[PDB]
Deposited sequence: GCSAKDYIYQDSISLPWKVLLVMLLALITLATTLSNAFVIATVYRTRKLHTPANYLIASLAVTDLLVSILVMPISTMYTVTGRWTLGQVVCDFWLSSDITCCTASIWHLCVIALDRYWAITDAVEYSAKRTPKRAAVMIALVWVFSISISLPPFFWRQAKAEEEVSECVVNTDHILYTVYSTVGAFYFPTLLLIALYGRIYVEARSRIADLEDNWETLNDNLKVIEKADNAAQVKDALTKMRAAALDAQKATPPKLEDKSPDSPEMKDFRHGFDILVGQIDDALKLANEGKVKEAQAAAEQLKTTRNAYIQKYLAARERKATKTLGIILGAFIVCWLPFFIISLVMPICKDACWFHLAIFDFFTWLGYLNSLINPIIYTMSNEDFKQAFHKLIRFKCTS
């Protein structure tokens, strides 16, 4: 007895489609993502090498696992024999462990970038980022070795239980306690920084009003030396070409504060007040460019990673414990929900990241 046996051939030709059309959309979405990076030298970044390295594993799953997941899922048996299904399992288990852990190494980059901006930009390289893809492809294999030691029924060793729980801890719970701890850190920095920056513009605006309606030099001085402190901070908030243009606009803002200050120090209050009038002009113009998506979008990867892989890994632990009102259709349905992760990852990075959306539309 296998449940599939009582599902007629009308539904079986509609269930060759969806799993042929899900398999295909994984190959040509993750290949459109590698060739986007392969085909751009501004996109040749240490953090866009990882996205490709990710899409690389999700491309392996789409050709090694997904088309030969279906001849088993549709019928309910296994035609291809012993020497085959030992390295069919090995791929599925590791290639989906790679897929998961690559989401950690991506979130290690974001974390160390947004937390140690200055110092880790030197360690951040291709070579240091090649170590990461590698040591996650090596550790991934080190999970599928344990069952290798120990007809028509392809499945993995559920006799040793210590393996069962180690396999689900080393490739899932660690990676989601880690994801939750990094996204925690990141969201709190990323939210403090806009607050810090909001306090900077609040100072620069509050103090301008002080100068406008000021009766003497002394208070114009203290007010201009506060905008300066504040401008010179905003300038450090967020290599060489793009950013250059952003900082230059502050180097005007600052120079106007400097020229005012001089007149304030020379005792020329009315002169300073005029000199400061130019500042509103400059504030007014860098109000558009003040008025956080990189951090919003990793909330969709966490979300679409939780929703995809949690069920399979929960249901993977109470099965060997507990049919406790359990149908092998629900263990098969949440196996495709975790394969679906290898689809959803590329399609979030086109709506999210603005360099894959300049690519696709062409």
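Check your understanding: According to the record, which stretches of the deposited sequence lack C-alpha coordinates?
Key -> Several regions go unmodelled: 1-6, 157-164, 253-261, 315-318, 350-351, 392-399.
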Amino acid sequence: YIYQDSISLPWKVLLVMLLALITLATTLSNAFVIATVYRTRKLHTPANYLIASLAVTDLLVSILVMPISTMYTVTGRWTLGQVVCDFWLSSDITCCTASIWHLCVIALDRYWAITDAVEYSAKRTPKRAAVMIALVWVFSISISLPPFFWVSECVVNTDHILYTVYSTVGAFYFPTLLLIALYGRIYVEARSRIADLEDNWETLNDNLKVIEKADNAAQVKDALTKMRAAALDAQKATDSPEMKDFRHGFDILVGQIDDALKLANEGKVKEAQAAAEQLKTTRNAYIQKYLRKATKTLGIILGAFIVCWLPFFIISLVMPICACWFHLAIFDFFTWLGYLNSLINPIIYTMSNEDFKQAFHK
From here on, numbers count along this sequence of modelled residues.
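Exercise for review: Averaging only over Cα atoms, indicate whether 121-129 or 277-285 has the higher B-factor in the PDB entry.
Suggested key: The stretch with the larger mean CA B-factor is 121-129.
Exercise for review: Would you mind comparing 161-169 and 190-198 for me and telling me which has the higher average C-alpha temperature factor in the entry?
Suggested key: In the deposited entry, the stretch with the higher C-alpha B-factor mean is 161-169.
Review point. So among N265, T73, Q219, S240, who wins on Cα B-factor in the entry?
Key: Checking the PDB record, the top C-alpha B-factor among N265, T73, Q219, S240 is at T73.
Point to revise | Residue, from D245, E271, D258, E153, that the PDB entry assigns the highest Cα B-factor | key: Highest C-alpha B-factor among the listed options: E153.
Practice item. Please rank the C-alpha B-factors of the chain's modelled residues and tell me whether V105 sits in the lowest, middle or highest third. Key: Tercile = middle for this residue's CA B-factor.
Review point. When the modelled residues of the chain are sorted by Cα temperature factor, does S142 land in the lowest, middle or highest third?
Key: It falls in the middle third of the chain.
Review point. In terms of the chain's CA B-factor thirds, is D251 lowest, middle or highest?
Key: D251: CA B-factor falls in the lowest third of its chain.
Practice item. Select lowest, middle or highest to describe the third in which the CA B-factor of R292 falls within its chain in this entry. Key: Middle third by C-alpha B-factor.
Review point. Hey, what third does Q235 fall into on Cα B-factor, ranked over its chain?
Key: CA B-factor rank for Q235: lowest third.
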